[PDB]
Amino acid sequence: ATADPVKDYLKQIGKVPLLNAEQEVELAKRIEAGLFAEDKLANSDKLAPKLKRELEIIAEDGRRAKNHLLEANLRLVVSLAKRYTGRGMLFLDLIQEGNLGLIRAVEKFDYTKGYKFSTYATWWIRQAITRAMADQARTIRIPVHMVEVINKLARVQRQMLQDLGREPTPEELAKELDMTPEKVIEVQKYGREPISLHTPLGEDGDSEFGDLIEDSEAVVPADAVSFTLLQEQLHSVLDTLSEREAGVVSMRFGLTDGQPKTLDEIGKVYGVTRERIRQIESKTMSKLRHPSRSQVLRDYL
Amino acid sequence: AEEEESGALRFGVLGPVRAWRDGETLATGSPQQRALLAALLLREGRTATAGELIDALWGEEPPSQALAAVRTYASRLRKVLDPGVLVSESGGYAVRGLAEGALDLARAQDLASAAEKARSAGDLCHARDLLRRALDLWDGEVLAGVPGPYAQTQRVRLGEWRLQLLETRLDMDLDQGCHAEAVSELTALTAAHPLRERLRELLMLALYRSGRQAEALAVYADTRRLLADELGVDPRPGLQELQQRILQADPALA
Amino acid sequence: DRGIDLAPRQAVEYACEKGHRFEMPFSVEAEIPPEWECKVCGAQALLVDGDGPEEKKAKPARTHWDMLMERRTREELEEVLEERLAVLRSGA
C-alpha cells in the first residue's frame, strides 16, 4: 500500500510453510489426485451425482494444493530471479516471469523421479527468465538465438580479455569461434543499447539532446520552389517547341499524365510507323540536346 | 591479344552484350536478360536491391508479380556464368571477380585518364596511341537492343562521352598536324549528326588550314539556316568569333 | 496532386460477430480478401460473399490433461482414480 512494492510483495509472500520431503511428495500426490479427478470429470459419461461432487471436491483440493505449492515456491523463484537482475529489466518483472516459468515447471512434474523440486524447477526458472530477458528487455526486439549467440560472444570476449590482458582483434575472436569476421562485426553492431532522447547536455537545463537532431523527411522550401519552377520552365520549353513535337514528347515520358507510353502504344491514335515515330522522337531529344536549350535546364539538373 | 591471360572473363558494354570465356562465347540470352547483365555491369559490382533492378529493366510500370521473373533471370545468369561470379546479399545482386581489363568500360576510363595525363605531360605519340586503342573499344551502337529508360539514360550518357572523346581526338589531331583523316572524320560525323555546333567549329578549324574555304562557309551557312529553322536563335559567340578571326586570315595559329 | 487521376475505389462492407459494421475502400484491380479485422473491437470480419473459419482451431495449446497423458497411461489413470477414491473412503 506504500512505496517500494518489492517490500510489499516480499511481505505478501508471508510465512508460507516450507516443505520437507514427505510434505511435498504428499502435496504432489494430492496434485495428481485433483488432476486425474478433474480429468475424469471432463469425460462426458454419466455417473452418479454424488461421485461427480466427490470428484469436484478432489479437483478443488488439487487446485488448493497447486496454489499452496506456488506460495511455497515463490521463495526459490525470488532467490533465483535476483541472480539475473539489473540488466535492463525490472526486478519484480523478473520475479513475475520466473513465476510463469515455475507454473510451467510444476505442471510438467511427475513423482517417479524421487528428486527435490529445486533441481527440476531451476532449469525452467532460468530458461523462462533468460527467454523473457531476450524477448522484452531491449527496446528493439532480438530473437532468443541471436541473444544467446551475442552474449556467448560477449562472455568469450571477456574471457579473452582476462586471459591475455589486451583487446583482441575481431579476426582472432572470429577464428576461435569459427564464424566469419564480418558476421562478428554484424552481431556486435546489432548488440547495442539505444540512448534516451532526453539526456541533459550539461550545466544548462533547458537545452536538451532532443532539440539538436534534424530530420531528413522535413521539406526544404528551396527544394519545393525549385521543383515548381522546374515544372513551369519545362512547360514553357514544351510550348517553345512545335505543337506536334510537344504532343509526341508529352506521351513518350507520359509528362501530361502519371504513365509513360511506348512507341507502339501511340501508333494507333496518331497512326505512324515505329520507324517514323522513333525518328521524330530522337530528333526531339537531339533538338533539346542542343546547347541553346540547355542553360535553362543544365542548372536544373 | 597480348592481354589474353588464362582464366580471363571479359565483359563488354560499349558494343553489344557478349561474354568471352577464354575465347569462347556465352549465350547472354533474352533482351531483358541482356539489360539486366548490363545494369549489373555499369555499377562496377554493387549489391543492388531487387526493386532497383526491376526499375532499371522496365521503369514506371513493371508487372506486379515479376519479382520471381527477375529471380529466374538471375538463375539464367548464374547457370550461364560462373556460380561464384554472381553473389547475392540481402536480396541484392552483385557481380564480382572482375579483374583489370575484364570490362571494356573500365578500360575506357583508364585510357581516357592516361590520355589526359599524357596531354598534361605534353606527350603526343603515347596519347595518340592510347586514344587509338580507345576508339577500337566501341563496336557499333552502345547497348544494342536493351529496353528500359534507364538503359536509354546510360546510352545517351555514353554517346555524349564518345562525342567529347572524339572531339578531343580530332582536336589533338589538328594541333599535331593531321588534317586529311581529320576532315574525313569530321565530314562523316556531321553527315551522321548535323546539329552539333562543336563538330562544325572543328570543321572550320580543320578546313581553315588544310586549304578549303568555300565549302566550309557553305556548311556554316547551312548550319545557320537549319538552326534558324529549327531553333530560331543565334549560335554560340565562340563560333562567330572563330569565323571572324578566320576572315582576316591570321597566320598565327599555323 | 494536380491533374493526377485517382484509382477507382469500391465499397466493401465487413461485418463481425459482434454486429459492428464499417465501410472501408478497396481498389478495383486489387483482390478482395474475405478476412479482415474490425475497426471497432478488432474481431474477425465476415459476411463478404463466401467465408468460413478456415481452420480457426489453430492447433489449440495443450492443456494439463495432455501433459498428464504423457506422464501416465490408461490403466494408470484407472488405478490412480480408484486409489484416490480409497483415500476418500479412508478419510470419510
# chains A, B, ... in the order shown; residues from 1 in each chain; ligands from 1
>>> residues_around(residues="residue 254 in chain A", least_positions_apart="5", cutoff="12 Å", atoms="only C-alpha atoms", output="count of residues only")
14
>>> select_by_dssp(residues="chain C", states="strand (DSSP E)", output="mmCIF file with N, CA and C atoms, in the first residue's frame")
data_model
loop_
_atom_site.group_PDB
_atom_site.id
_atom_site.type_symbol
_atom_site.label_atom_id
_atom_site.label_comp_id
_atom_site.auth_asym_id
_atom_site.auth_seq_id
_atom_site.Cartn_x
_atom_site.Cartn_y
_atom_site.Cartn_z
ATOM 1 N N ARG C 9 -12.311 3.264 -56.803
ATOM 2 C CA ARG C 9 -12.443 2.642 -55.495
ATOM 3 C C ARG C 9 -13.849 2.084 -55.328
ATOM 4 N N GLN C 10 -13.937 0.901 -54.727
ATOM 5 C CA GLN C 10 -15.203 0.229 -54.481
ATOM 6 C C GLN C 10 -15.419 0.072 -52.982
ATOM 7 N N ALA C 11 -16.688 0.039 -52.584
ATOM 8 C CA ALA C 11 -17.069 -0.061 -51.182
ATOM 9 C C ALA C 11 -17.413 -1.509 -50.855
ATOM 10 N N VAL C 12 -16.679 -2.091 -49.910
ATOM 11 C CA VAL C 12 -16.907 -3.456 -49.450
ATOM 12 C C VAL C 12 -17.235 -3.394 -47.965
ATOM 13 N N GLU C 13 -18.370 -3.972 -47.583
ATOM 14 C CA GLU C 13 -18.838 -3.925 -46.205
ATOM 15 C C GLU C 13 -18.386 -5.172 -45.457
ATOM 16 N N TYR C 14 -17.774 -4.967 -44.294
ATOM 17 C CA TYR C 14 -17.298 -6.051 -43.444
ATOM 18 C C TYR C 14 -18.112 -6.077 -42.158
ATOM 19 N N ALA C 15 -18.578 -7.263 -41.779
ATOM 20 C CA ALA C 15 -19.374 -7.452 -40.576
ATOM 21 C C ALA C 15 -18.699 -8.467 -39.665
ATOM 22 N N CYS C 16 -18.671 -8.164 -38.371
ATOM 23 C CA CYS C 16 -18.055 -9.026 -37.378
ATOM 24 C C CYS C 16 -19.130 -9.789 -36.606
ATOM 25 N N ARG C 21 -20.473 -2.820 -37.986
ATOM 26 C CA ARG C 21 -20.402 -2.674 -39.433
ATOM 27 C C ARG C 21 -19.649 -1.397 -39.774
ATOM 28 N N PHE C 22 -18.660 -1.515 -40.657
ATOM 29 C CA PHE C 22 -17.838 -0.385 -41.064
ATOM 30 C C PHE C 22 -17.588 -0.462 -42.562
ATOM 31 N N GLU C 23 -17.366 0.701 -43.170
ATOM 32 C CA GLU C 23 -17.116 0.806 -44.601
ATOM 33 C C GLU C 23 -15.701 1.314 -44.832
ATOM 34 N N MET C 24 -14.923 0.558 -45.598
ATOM 35 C CA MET C 24 -13.567 0.927 -45.973
ATOM 36 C C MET C 24 -13.351 0.571 -47.437
ATOM 37 N N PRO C 25 -12.563 1.361 -48.162
ATOM 38 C CA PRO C 25 -12.461 1.175 -49.613
ATOM 39 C C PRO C 25 -11.378 0.195 -50.038
ATOM 40 N N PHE C 26 -11.608 -0.399 -51.207
ATOM 41 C CA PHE C 26 -10.642 -1.247 -51.888
ATOM 42 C C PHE C 26 -10.451 -0.763 -53.319
ATOM 43 N N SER C 27 -9.268 -1.036 -53.860
ATOM 44 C CA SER C 27 -9.018 -0.767 -55.268
ATOM 45 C C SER C 27 -9.759 -1.777 -56.136
ATOM 46 N N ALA C 45 -13.806 -10.262 -39.174
ATOM 47 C CA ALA C 45 -14.856 -9.770 -40.053
ATOM 48 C C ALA C 45 -15.282 -10.862 -41.025
ATOM 49 N N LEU C 46 -16.584 -10.954 -41.264
ATOM 50 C CA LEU C 46 -17.157 -11.994 -42.115
ATOM 51 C C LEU C 46 -18.208 -11.344 -43.008
#
>>> residues_around(residues="residue 72 in chain B", least_positions_apart="4", cutoff="12 Å", atoms="only C-alpha atoms", output="count of residues only")
11
>>> residues_around(residues="range 41-48 of chain A", least_positions_apart="2", cutoff="12 Å", atoms="only C-alpha atoms", output="ChimeraX atom specification")
/A:34-39,50-59 /C:63-65,81
>>> interface_residues(of="chain A", to="chain B", cutoff="10 Å", atoms="only C-alpha atoms", output="ChimeraX atom specification")
/A:240-242,253,258-261,283,285-293
>>> select_by_dssp(residues="range 4-224 of chain B", states="helix (DSSP H, G or I)", output="ChimeraX atom specification")
/B:31-42,50-57,67-80,104-121,125-135,149-176,180-192,197-210,214-224
>>> closest_residue(among="C:48, C:68, C:40, C:32", to="chain A", atoms="only C-alpha atoms")
C:68
>>> residues_around(residues="range 64-70 of chain A", least_positions_apart="2", cutoff="9 Å", atoms="only C-alpha atoms", output="compact mmCIF listing (two decimals) with C-alpha atoms, in the first residue's frame")
# COMPACT_ATOMS: atom_id res chain seq x y z
CA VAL A 16 4.43 -19.87 3.95
CA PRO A 17 5.22 -23.36 5.30
CA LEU A 19 8.06 -28.28 2.70
CA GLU A 24 5.80 -32.02 -0.84
CA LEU A 27 1.22 -32.47 -1.92
CA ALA A 28 2.29 -33.79 -5.34
CA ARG A 30 -2.76 -34.53 -4.00
CA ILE A 31 -1.97 -32.63 -7.22
CA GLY A 34 -7.08 -33.43 -8.25
CA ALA A 59 -10.41 -31.14 -8.05
CA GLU A 60 -10.87 -28.20 -5.68
CA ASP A 61 -8.40 -29.78 -3.26
CA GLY A 62 -5.94 -30.25 -6.13
CA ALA A 72 5.72 -22.45 -1.12
CA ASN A 73 7.97 -21.97 -4.15
CA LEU A 74 7.77 -18.17 -4.56
CA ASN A 99 6.63 -17.24 -11.69
CA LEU A 102 7.61 -22.04 -12.30
CA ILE A 103 3.92 -22.58 -13.06
CA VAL A 106 5.32 -27.78 -11.80
>>> closest_residue(among="C:19, C:52, C:60, C:3", to="chain A", atoms="only C-alpha atoms")
C:3
>>> residues_around(residues="residue 163 in chain B", least_positions_apart="5", cutoff="12 Å", atoms="only C-alpha atoms", output="list in words")
residues 135, 156, 157, 158, 168, 169, 170, 186, 189, 190, 192, 193, 196, 197, 198 and 199 of chain B
>>> interface_residues(of="chain C", to="chain A", cutoff="12 Å", atoms="only C-alpha atoms", output="PyMOL selection string")
chain C and resi 1-7+62-74+76-89+92
>>> residues_around(residues="residue 123 in chain A", least_positions_apart="5", cutoff="12 Å", atoms="only C-alpha atoms", output="PyMOL selection string")
chain A and resi 77+80+98+101-102+104-106+117-118+128-130
>>> write_last_selection(atoms="N, CA, C and O atoms", output="PDB file, in the first residue's frame")
ATOM      1  N   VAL A  77      11.983 -18.829  -6.463  1.00  0.00           N
ATOM      2  CA  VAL A  77      11.987 -18.054  -7.698  1.00  0.00           C
ATOM      3  C   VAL A  77      12.469 -16.630  -7.445  1.00  0.00           C
ATOM      4  O   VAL A  77      13.094 -16.019  -8.318  1.00  0.00           O
ATOM      5  N   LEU A  80      16.234 -16.934  -7.189  1.00  0.00           N
ATOM      6  CA  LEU A  80      16.873 -17.152  -8.482  1.00  0.00           C
ATOM      7  C   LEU A  80      16.746 -15.962  -9.423  1.00  0.00           C
ATOM      8  O   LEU A  80      17.644 -15.737 -10.242  1.00  0.00           O
ATOM      9  N   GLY A  98       9.657 -15.311 -13.844  1.00  0.00           N
ATOM     10  CA  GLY A  98      10.050 -16.550 -13.205  1.00  0.00           C
ATOM     11  C   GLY A  98       8.870 -17.304 -12.627  1.00  0.00           C
ATOM     12  O   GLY A  98       8.879 -18.532 -12.583  1.00  0.00           O
ATOM     13  N   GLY A 101       7.560 -19.170 -15.384  1.00  0.00           N
ATOM     14  CA  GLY A 101       8.395 -20.342 -15.599  1.00  0.00           C
ATOM     15  C   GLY A 101       8.142 -21.440 -14.584  1.00  0.00           C
ATOM     16  O   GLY A 101       8.218 -22.627 -14.906  1.00  0.00           O
ATOM     17  N   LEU A 102       7.832 -21.058 -13.347  1.00  0.00           N
ATOM     18  CA  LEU A 102       7.612 -22.043 -12.298  1.00  0.00           C
ATOM     19  C   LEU A 102       6.256 -22.718 -12.460  1.00  0.00           C
ATOM     20  O   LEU A 102       6.142 -23.931 -12.254  1.00  0.00           O
ATOM     21  N   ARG A 104       4.877 -23.134 -15.247  1.00  0.00           N
ATOM     22  CA  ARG A 104       5.128 -24.073 -16.335  1.00  0.00           C
ATOM     23  C   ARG A 104       5.877 -25.305 -15.836  1.00  0.00           C
ATOM     24  O   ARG A 104       5.639 -26.420 -16.316  1.00  0.00           O
ATOM     25  N   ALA A 105       6.774 -25.126 -14.863  1.00  0.00           N
ATOM     26  CA  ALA A 105       7.625 -26.223 -14.406  1.00  0.00           C
ATOM     27  C   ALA A 105       6.832 -27.274 -13.639  1.00  0.00           C
ATOM     28  O   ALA A 105       6.965 -28.476 -13.898  1.00  0.00           O
ATOM     29  N   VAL A 106       6.012 -26.838 -12.682  1.00  0.00           N
ATOM     30  CA  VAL A 106       5.325 -27.775 -11.799  1.00  0.00           C
ATOM     31  C   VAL A 106       4.275 -28.575 -12.563  1.00  0.00           C
ATOM     32  O   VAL A 106       3.997 -29.732 -12.223  1.00  0.00           O
ATOM     33  N   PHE A 117      12.210 -30.567  -5.615  1.00  0.00           N
ATOM     34  CA  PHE A 117      11.649 -29.663  -6.612  1.00  0.00           C
ATOM     35  C   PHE A 117      12.654 -28.629  -7.099  1.00  0.00           C
ATOM     36  O   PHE A 117      12.434 -28.035  -8.157  1.00  0.00           O
ATOM     37  N   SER A 118      13.736 -28.393  -6.357  1.00  0.00           N
ATOM     38  CA  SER A 118      14.671 -27.334  -6.725  1.00  0.00           C
ATOM     39  C   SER A 118      15.435 -27.680  -7.998  1.00  0.00           C
ATOM     40  O   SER A 118      15.521 -26.864  -8.924  1.00  0.00           O
ATOM     41  N   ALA A 128      12.970 -19.619 -18.546  1.00  0.00           N
ATOM     42  CA  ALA A 128      11.946 -18.600 -18.737  1.00  0.00           C
ATOM     43  C   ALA A 128      12.488 -17.207 -18.460  1.00  0.00           C
ATOM     44  O   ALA A 128      12.136 -16.254 -19.163  1.00  0.00           O
ATOM     45  N   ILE A 129      13.344 -17.065 -17.445  1.00  0.00           N
ATOM     46  CA  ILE A 129      13.903 -15.757 -17.132  1.00  0.00           C
ATOM     47  C   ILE A 129      14.784 -15.262 -18.273  1.00  0.00           C
ATOM     48  O   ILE A 129      14.669 -14.107 -18.700  1.00  0.00           O
ATOM     49  N   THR A 130      15.649 -16.129 -18.813  1.00  0.00           N
ATOM     50  CA  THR A 130      16.507 -15.682 -19.904  1.00  0.00           C
ATOM     51  C   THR A 130      15.721 -15.501 -21.199  1.00  0.00           C
ATOM     52  O   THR A 130      16.071 -14.637 -22.009  1.00  0.00           O
TER      53      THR A 130
END
>>> atom_distance(atom1="CA of residue 210 in chain B", atom2="CA of residue 179 in chain B")
6.2 Å
>>> atom_distance(atom1="CA of residue 2 in chain B", atom2="CA of residue 142 in chain B")
25.0 Å
>>> atom_distance(atom1="CA of residue 272 in chain A", atom2="CA of residue 145 in chain B")
21.4 Å
>>> closest_residue(among="B:18, B:209, B:64, B:172", to="chain C", atoms="only C-alpha atoms")
B:64
